[PDB]
>>> print(open('final23.txt').read())   # compact mmCIF, C-alpha atoms
# COMPACT_ATOMS: atom_id res chain seq x y z
CA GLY A 1 8.42 -7.41 -20.20
CA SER A 2 4.75 -6.75 -20.85
CA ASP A 3 1.31 -7.99 -19.85
CA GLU A 4 -2.06 -7.56 -21.59
CA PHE A 5 -5.38 -7.92 -19.72
CA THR A 6 -8.86 -6.44 -19.71
CA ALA A 7 -10.89 -4.06 -17.56
CA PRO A 8 -14.57 -3.09 -17.81
CA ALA A 9 -14.81 -0.47 -20.57
CA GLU A 10 -16.44 1.97 -18.14
CA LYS A 11 -13.15 2.15 -16.14
CA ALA A 12 -11.39 3.80 -19.09
CA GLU A 13 -11.52 7.28 -17.52
CA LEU A 14 -10.27 5.94 -14.17
CA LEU A 15 -7.29 4.22 -15.75
CA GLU A 16 -6.47 7.22 -17.95
CA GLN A 17 -6.52 9.51 -14.90
CA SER A 18 -4.51 7.08 -12.78
CA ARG A 19 -1.65 6.31 -15.19
CA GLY A 20 0.71 8.65 -13.36
CA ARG A 21 -0.18 7.23 -9.97
CA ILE A 22 0.20 3.65 -11.10
CA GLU A 23 3.61 4.33 -12.66
CA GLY A 24 4.69 6.16 -9.53
CA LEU A 25 3.54 3.29 -7.33
CA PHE A 26 4.93 0.38 -9.33
CA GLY A 27 7.42 1.81 -11.82
CA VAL A 28 5.49 0.58 -14.84
CA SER A 29 3.96 2.13 -17.95
CA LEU A 30 0.23 1.74 -18.60
CA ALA A 31 -1.62 2.13 -21.88
CA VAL A 32 -5.20 1.51 -23.00
CA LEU A 33 -5.32 -0.35 -26.31
CA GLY A 34 -7.60 0.25 -29.28
CA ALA A 35 -10.58 -1.68 -30.57
CA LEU A 36 -10.34 -2.47 -34.26
CA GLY A 37 -12.52 -4.42 -36.67
CA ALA A 38 -15.54 -2.15 -37.17
CA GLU A 39 -17.58 -4.02 -34.55
CA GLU A 40 -17.67 -3.52 -30.78
CA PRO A 41 -17.08 -6.86 -29.02
CA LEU A 42 -19.65 -8.60 -26.82
CA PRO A 43 -18.15 -8.24 -23.33
CA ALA A 44 -17.54 -4.46 -23.72
CA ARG A 45 -14.12 -4.59 -22.11
CA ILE A 46 -11.02 -2.53 -22.83
CA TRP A 47 -7.58 -4.06 -23.16
CA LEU A 48 -4.67 -2.72 -21.11
CA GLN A 49 -0.96 -3.12 -21.76
CA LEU A 50 1.50 -2.93 -18.85
CA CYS A 51 5.23 -2.59 -19.51
CA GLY A 52 8.19 -2.81 -17.13
CA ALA A 53 10.04 -5.29 -14.94
CA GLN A 54 8.24 -8.62 -14.56
CA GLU A 55 7.40 -8.51 -10.87
CA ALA A 56 6.56 -4.81 -11.05
CA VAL A 57 4.13 -5.50 -13.90
CA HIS A 58 2.63 -8.39 -11.91
CA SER A 59 2.06 -6.19 -8.87
CA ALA A 60 0.55 -3.36 -10.93
CA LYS A 61 -1.81 -5.74 -12.77
CA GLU A 62 -3.05 -7.07 -9.45
CA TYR A 63 -3.59 -3.49 -8.21
CA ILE A 64 -5.34 -2.33 -11.39
CA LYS A 65 -7.65 -5.37 -11.39
CA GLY A 66 -8.30 -4.72 -7.70
CA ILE A 67 -9.42 -1.12 -8.15
CA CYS A 68 -11.41 -1.84 -11.32
CA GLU A 69 -13.13 -5.02 -10.14
CA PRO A 70 -12.46 -5.56 -6.43
CA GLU A 71 -13.19 -9.01 -5.01
CA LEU A 72 -13.24 -7.78 -1.40
CA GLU A 73 -13.96 -4.53 0.43
CA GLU A 74 -13.16 -4.66 4.15
CA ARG A 75 -12.42 -2.47 7.16
CA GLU A 76 -9.48 -2.59 9.53
CA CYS A 77 -9.60 -1.08 13.02
CA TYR A 78 -6.36 -0.10 14.77
CA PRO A 79 -5.50 1.79 18.00
CA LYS A 80 -5.68 5.59 17.70
CA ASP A 81 -2.00 6.05 18.63
CA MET A 82 -1.02 3.94 15.63
CA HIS A 83 -2.68 6.38 13.24
CA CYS A 84 0.67 8.15 12.69
CA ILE A 85 1.78 5.08 10.75
CA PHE A 86 -0.84 5.66 8.09
CA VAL A 87 -0.88 9.46 7.75
CA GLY A 88 2.62 10.29 8.96
CA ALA A 89 5.94 10.53 7.11
CA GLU A 90 4.23 11.99 4.03
CA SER A 91 2.13 8.81 3.73
CA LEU A 92 5.21 6.80 2.79
CA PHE A 93 4.40 3.83 5.06
CA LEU A 94 0.88 3.65 3.61
CA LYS A 95 2.35 3.90 0.10
CA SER A 96 4.77 1.05 0.84
CA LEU A 97 1.93 -1.10 2.14
CA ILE A 98 -0.03 -0.48 -1.06
CA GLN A 99 3.06 -1.31 -3.13
CA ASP A 100 3.71 -4.45 -1.09
CA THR A 101 0.18 -5.89 -0.92
CA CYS A 102 -1.33 -4.48 -4.16
CA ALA A 103 -4.41 -3.57 -2.13
CA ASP A 104 -6.08 -0.16 -2.30
CA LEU A 105 -5.86 1.35 1.21
CA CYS A 106 -8.02 4.28 2.28
CA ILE A 107 -7.91 6.31 5.51
CA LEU A 108 -11.54 6.47 6.64
CA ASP A 109 -11.17 7.87 10.17
CA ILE A 110 -8.68 7.89 13.05
CA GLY A 111 -8.35 4.17 13.81
CA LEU A 112 -10.11 2.98 10.66
CA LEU A 113 -8.82 1.83 7.29
CA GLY A 114 -10.79 0.68 4.26
CA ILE A 115 -9.14 -2.09 2.26
CA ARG A 116 -10.22 -3.13 -1.23
CA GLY A 117 -8.92 -4.97 -4.26
CA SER A 118 -8.32 -8.61 -5.15
CA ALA A 119 -9.25 -11.03 -2.38
CA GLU A 120 -5.67 -12.16 -1.83
CA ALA A 121 -4.33 -8.57 -1.72
CA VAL A 122 -6.98 -7.60 0.82
CA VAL A 123 -6.35 -10.71 2.93
CA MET A 124 -2.60 -10.01 2.93
CA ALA A 125 -3.02 -6.34 3.77
CA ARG A 126 -5.33 -7.05 6.72
CA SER A 127 -2.95 -9.69 8.04
CA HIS A 128 -0.04 -7.21 7.85
CA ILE A 129 -1.97 -4.49 9.68
CA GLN A 130 -3.17 -6.86 12.44
CA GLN A 131 0.48 -7.85 12.79
CA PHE A 132 1.50 -4.18 13.21
CA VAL A 133 -1.19 -3.83 15.87
CA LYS A 134 0.10 -6.91 17.69
CA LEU A 135 3.60 -5.38 17.84
CA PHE A 136 2.19 -2.04 18.99
CA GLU A 137 0.05 -3.53 21.78
CA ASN A 138 2.31 -5.97 23.63
CA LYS A 139 5.03 -3.42 24.23
CA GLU A 140 6.79 -3.28 27.60
CA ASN A 141 10.15 -2.22 29.03
CA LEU A 142 12.77 -4.38 27.36
CA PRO A 143 16.57 -5.05 27.14
CA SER A 144 18.87 -2.43 25.68
CA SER A 145 21.07 -3.49 22.78
CA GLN A 146 23.31 -2.00 20.12
CA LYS A 147 20.97 -3.56 17.49
CA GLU A 148 18.05 -1.64 19.04
CA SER A 149 19.94 1.64 18.85
CA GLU A 150 20.78 1.16 15.16
CA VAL A 151 17.10 0.56 14.27
CA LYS A 152 15.99 3.57 16.32
CA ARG A 153 18.64 5.77 14.64
CA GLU A 154 17.72 4.55 11.17
CA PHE A 155 14.00 4.98 11.83
CA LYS A 156 14.53 8.46 13.26
CA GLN A 157 16.58 9.59 10.25
CA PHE A 158 13.84 8.39 7.88
CA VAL A 159 10.97 10.02 9.75
CA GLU A 160 12.92 13.25 10.38
CA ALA A 161 13.49 13.41 6.60
CA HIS A 162 9.70 13.57 6.32
CA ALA A 163 8.83 15.61 9.40
CA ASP A 164 5.23 16.53 10.23
CA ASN A 165 2.79 16.60 13.17
CA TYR A 166 3.06 12.83 13.55
CA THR A 167 6.84 12.63 13.88
CA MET A 168 6.79 12.51 17.70
CA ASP A 169 4.04 9.86 17.67
CA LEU A 170 6.15 7.75 15.32
CA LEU A 171 9.29 8.12 17.42
CA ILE A 172 7.58 6.56 20.47
CA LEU A 173 6.49 3.46 18.57
CA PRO A 174 7.94 0.14 19.84
CA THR A 175 11.30 -0.72 18.26
CA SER A 176 9.94 -4.02 16.89
CA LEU A 177 7.35 -2.03 14.94
CA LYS A 178 9.99 0.45 13.77
CA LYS A 179 11.99 -2.47 12.40
CA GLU A 180 9.04 -3.87 10.43
CA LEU A 181 8.25 -0.40 9.09
CA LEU A 182 11.84 0.00 7.87
CA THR A 183 11.69 -3.44 6.26
CA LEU A 184 8.46 -2.40 4.55
CA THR A 185 9.76 0.87 3.12
CA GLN A 186 13.24 -0.37 2.18
CA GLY A 187 11.73 -3.39 0.46
CA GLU A 188 10.02 -0.90 -1.86
>>> encode(input="final23.txt", output="structure tokens")
Amino acid sequence: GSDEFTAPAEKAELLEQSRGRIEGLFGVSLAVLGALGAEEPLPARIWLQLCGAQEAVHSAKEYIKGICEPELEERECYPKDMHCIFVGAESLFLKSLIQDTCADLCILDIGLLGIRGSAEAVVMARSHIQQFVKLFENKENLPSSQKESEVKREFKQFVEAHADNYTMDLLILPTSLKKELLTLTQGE
């Protein structure tokens, strides 16, 4: 399918530069359309055409609108030991979160994320991160189970496939958080 919408003309260079990224994130194709009829139109906006699967195009449109004309820009604080989630595993958890929420997520400092885009994308992203933090914080010694071992094994295989300086920090995350992180990446 395809969707046509506008962006401020000034964002032409941004969108041209970001085509690759946007396709890589959402699996869509992005083109900037012409402006015919001799005369420049009043709003000075450029038309974009997105092509691909329906929900993929919907997500990408929301992201593109978010980075061109964000409705919200917010911060999110998180515990320092959770930082591995956002910079570890070759940034794949952060990438999945961007794909899932359609918010633009930026690592500002250890323990600090910047979140921008459409209001609903930003609201969703913040809610998801606060939820990760909740799982991370109330962690205590808990029951052993086969189900726990399968999640730990699956999580370890994923992170070991993308090994870096954060691998050990990721491996000591609570199993509940590991499960939500797997859900997040496998859903994308």
>>> residues_around(input="final23.txt", residues="residue 93 in chain A", least_positions_apart="3", cutoff="10 Å", atoms="only C-alpha atoms", output="MDAnalysis selection string")
chainID A and resid 84:90 96:99 181:182 184:185
>>> residues_around(input="final23.txt", residues="residue 55 in chain A", least_positions_apart="6", cutoff="10 Å", atoms="all atoms listed in the file", output="VMD selection string")
chain A and resid 1 26 61
>>> residues_around(input="final23.txt", residues="range 108-113 of chain A", least_positions_apart="5", cutoff="7 Å", atoms="only C-alpha atoms", output="short mmCIF file (atom, residue, chain, number, x, y, z; two decimals) with C-alpha atoms, in the coordinates of the input")
data_model
loop_
_atom_site.label_atom_id
_atom_site.label_comp_id
_atom_site.auth_asym_id
_atom_site.auth_seq_id
_atom_site.Cartn_x
_atom_site.Cartn_y
_atom_site.Cartn_z
CA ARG A 75 -12.42 -2.47 7.16
CA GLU A 76 -9.48 -2.59 9.53
CA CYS A 77 -9.60 -1.08 13.02
CA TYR A 78 -6.36 -0.10 14.77
CA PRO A 79 -5.50 1.79 18.00
CA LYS A 80 -5.68 5.59 17.70
CA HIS A 83 -2.68 6.38 13.24
#
>>> residues_around(input="final23.txt", residues="range 129-137 of chain A", least_positions_apart="3", cutoff="8 Å", atoms="all atoms listed in the file", output="PyMOL selection string")
chain A and resi 76+78-79+82+125-126+173-174+176-177
>>> closest_residue(input="final23.txt", among="A:9, A:20, A:160, A:117", to="residue 40 in chain A", atoms="all atoms listed in the file")
A:9
>>> residues_around(input="final23.txt", residues="residue 64 in chain A", least_positions_apart="5", cutoff="10 Å", atoms="all atoms listed in the file", output="PyMOL selection string")
chain A and resi 6-7+15+18+22+30+48+59+69-70+102-104+117-118
>>> atom_distance(input="final23.txt", atom1="CA of residue 124 in chain A", atom2="CA of residue 101 in chain A")
6.3 Å
>>> atom_distance(input="final23.txt", atom1="CA of residue 106 in chain A", atom2="CA of residue 19 in chain A")
18.7 Å
>>> atom_distance(input="final23.txt", atom1="CA of residue 31 in chain A", atom2="CA of residue 3 in chain A")
10.7 Å
>>> closest_residue(input="final23.txt", among="A:105, A:148, A:166, A:157", to="residue 179 in chain A", atoms="all atoms listed in the file")
A:148
>>> closest_residue(input="final23.txt", among="A:34, A:114, A:27, A:143", to="residue 74 in chain A", atoms="only C-alpha atoms")
A:114
>>> axis_aligned_box(input="final23.txt", around="range 139-142 of chain A", padding_each_side="6 Å", output="lines of an AutoDock Vina configuration file")
center_x = 8.9
center_y = -3.3
center_z = 26.6
size_x = 19.7
size_y = 14.2
size_z = 16.8
>>> closest_residue(input="final23.txt", among="A:56, A:42, A:36, A:107", to="residue 2 in chain A", atoms="all atoms listed in the file")
A:56
